[PDB]
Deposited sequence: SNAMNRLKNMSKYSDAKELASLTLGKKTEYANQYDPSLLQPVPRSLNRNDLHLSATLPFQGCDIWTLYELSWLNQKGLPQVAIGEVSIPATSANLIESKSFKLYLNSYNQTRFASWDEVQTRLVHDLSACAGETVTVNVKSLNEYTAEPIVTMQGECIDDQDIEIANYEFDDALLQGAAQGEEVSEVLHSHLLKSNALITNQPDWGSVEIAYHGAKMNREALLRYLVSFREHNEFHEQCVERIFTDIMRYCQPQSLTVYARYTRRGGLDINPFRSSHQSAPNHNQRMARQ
């Protein structure tokens, strides 16, 4: 198995967005940030090289990249000789851009760039410690009905309780908004109800964004989730009414 760009499989963003009752004109902007922990190839002399890739795919791209296919594509680098680290970054930009349908940003970082980098947590207030009982795990977006009745605020909330299905995927999510203050029990119950829900990580973030916008009507909204890796890759979708990218890319405890 030598280097093989045809392993990459796009999935159109439209599939789920149509499900969310979205027009071609988006309520949000943003990007999908991917971390590639397994990136490895051979140098020109056949000596293995290892790196961590950091990739940003614009949320306006026609397609996302299916994660298993991304992994298989990356494995095709492992036994292939490349002229330099620059050639590797160039090939990644080229192939991932073609697949997504829009220019993708790629940084290929040596492992020593991570030495003494701290693990971080999310910004704002954690909503997870609530003494409440969950009697049903079925997804219910109506859990947000009347969820923001409070005074006008700007607030950042987060939760580590995102899970979606067949093996489970795990995430933390940060919600920053300007609008009527949100009921934290309703928000927590809403997030927990994704547990048996099936969908891609990018799709969950867009669903949270559009449900909050519909039910809660904030003036400004940002939703940023950081998911644990599968197949050596993690995905961190960011969707915002006013912001193009998150102001930090740093790994969380489970990542």
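> For this chain, which runs of the deposited sequence have no C-alpha coordinates, given in order from the N-terminus?
Replying inline: Unmodelled stretches: 1-31, 197-200.
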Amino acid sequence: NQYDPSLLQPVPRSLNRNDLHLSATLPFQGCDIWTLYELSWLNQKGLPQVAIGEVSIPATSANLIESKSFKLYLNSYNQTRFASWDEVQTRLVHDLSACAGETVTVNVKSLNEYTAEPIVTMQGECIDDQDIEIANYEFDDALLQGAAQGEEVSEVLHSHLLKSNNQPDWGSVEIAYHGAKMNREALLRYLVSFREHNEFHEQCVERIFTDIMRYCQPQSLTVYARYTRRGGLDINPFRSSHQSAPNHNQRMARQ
From here on, numbers count along this sequence of modelled residues.
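> When the C-alpha temperature factors are averaged for each of 150-158 and 131-139, which stretch ends up with the higher value in the entry?
Replying inline: Higher of the two, by average CA B-factor, is 131-139.
> Looking only at CA atoms, which has the higher mean B factor in the entry: 16-24 or 230-238?
Replying inline: The recorded data point to 16-24.
> At the C-alpha atoms, which of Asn107, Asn166, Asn75, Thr115 reaches the highest B-factor in this entry?
Replying inline: Each of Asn107, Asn166, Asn75, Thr115 was compared by C-alpha B-factor; the highest is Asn166.
> Which listed residue, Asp95, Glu174, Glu125, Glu185, has the largest C-alpha temperature factor in the record?
Replying inline: Within the set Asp95, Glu174, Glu125, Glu185, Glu125 shows the top C-alpha B-factor.
>> For the chain shown, is the CA B-factor of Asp211 in the lowest, middle or highest third of its modelled residues?
In response: Its C-alpha B-factor belongs to the middle third of this chain's values.
> Ranked by Cα temperature factor within the chain, is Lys68 in the lowest third, the middle third or the highest third?
Replying inline: Middle third by C-alpha B-factor.
> Compared with the other modelled residues in the chain, in which third is the CA B-factor of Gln44?
Replying inline: Its C-alpha B-factor, which the entry lists for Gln44, ranks in the highest third among residues of this chain.
> Which third, lowest, middle or highest, does the CA B-factor of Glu202 fall in along this chain?
Replying inline: Tercile = lowest for this residue's CA B-factor.
> What third of its chain, lowest, middle or highest, does the C-alpha temperature factor of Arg254 fall into?
Replying inline: Lowest third.
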